[PDB]
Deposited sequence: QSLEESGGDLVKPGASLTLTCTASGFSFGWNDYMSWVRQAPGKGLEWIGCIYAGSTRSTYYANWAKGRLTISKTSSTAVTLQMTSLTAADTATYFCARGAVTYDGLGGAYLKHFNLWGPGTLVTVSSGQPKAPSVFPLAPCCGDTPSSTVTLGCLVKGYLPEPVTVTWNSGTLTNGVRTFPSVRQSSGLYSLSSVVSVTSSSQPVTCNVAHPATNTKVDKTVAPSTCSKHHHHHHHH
């Protein structure tokens, strides 16, 4: 059984956004406290709240500005209001099992199932598709036996972009570095690959419904 979060999007400061957590291969039942958990870029995990799948429990910093609900036996939602840049993060949904106290309380036993997460980006900028440029050794050099080529994926918003090589058949020797956020708020990354004897980087930017294929060759 699995969980998948959906709804992450780029939104302006002040907006509201609803995320959904859909269960597959099981249903939300009376043994499940479904929790939301988030992680800002490069920071630690932060518990948001949980809903009993058979009434809600929020962290003190969240209570009063966001809501967790159960729509079905397969879906729970996170309704967030007055978003700010401090809410830019990955939002995971986790299936919790509890150990009851006997006095009316419950202790979180474990989160044994996590969705892959959805990205919420809070910014005033508009979505922007990346510019893709080939990375090749300078033309005024003597080519060698082997060569490393790549693609620069520059100036996009929001995350993420995905990068494959030759539509996924080329994997050995590929380094795709973590995205970096520039001063302007836009993101950039590069992907390099090593080969001997052309090659094509495939860049997908879901949030602008864009896919770019750049065929890279060494320049003589």
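According to the record, C-alpha coordinates are lacking for deposited residues 55 to 57, 201 to 203, 227 to 237.
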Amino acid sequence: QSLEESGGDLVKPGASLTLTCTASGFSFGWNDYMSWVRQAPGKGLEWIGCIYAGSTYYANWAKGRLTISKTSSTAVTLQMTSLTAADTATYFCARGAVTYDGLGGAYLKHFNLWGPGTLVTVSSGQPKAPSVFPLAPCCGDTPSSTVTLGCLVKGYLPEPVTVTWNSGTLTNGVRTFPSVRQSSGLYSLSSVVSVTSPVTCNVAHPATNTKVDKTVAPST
From here on, numbers count along this sequence of modelled residues.
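Looking at 84 to 92 and 103 to 111 together, the entry lists the larger mean B-factor for 103 to 111, computed on C-alpha atoms. As the entry records it, the average C-alpha temperature factor is higher for 66 to 74, out of 66 to 74 and 37 to 45. Within the listed group 116, 140, 127, 150, the record reports its top CA B-factor for 140.
Sorting 197, 20, 202, 209 by the CA temperature factor given in the entry leaves 197 at the top. Annotation for residue 161: CA B-factor lies in the lowest third of the chain's modelled residues. Ranked by C-alpha B-factor against the other modelled residues of its chain, residue 57 falls in the middle third. In this PDB entry, residue 190 carries a Cα temperature factor that places it within the lowest third of its chain's modelled residues. Among the modelled residues of the chain, residue 169 sits in the highest third by CA temperature factor in this PDB entry. When the modelled residues of the chain are ordered by their C-alpha B factor, residue 27 lands in the highest third.
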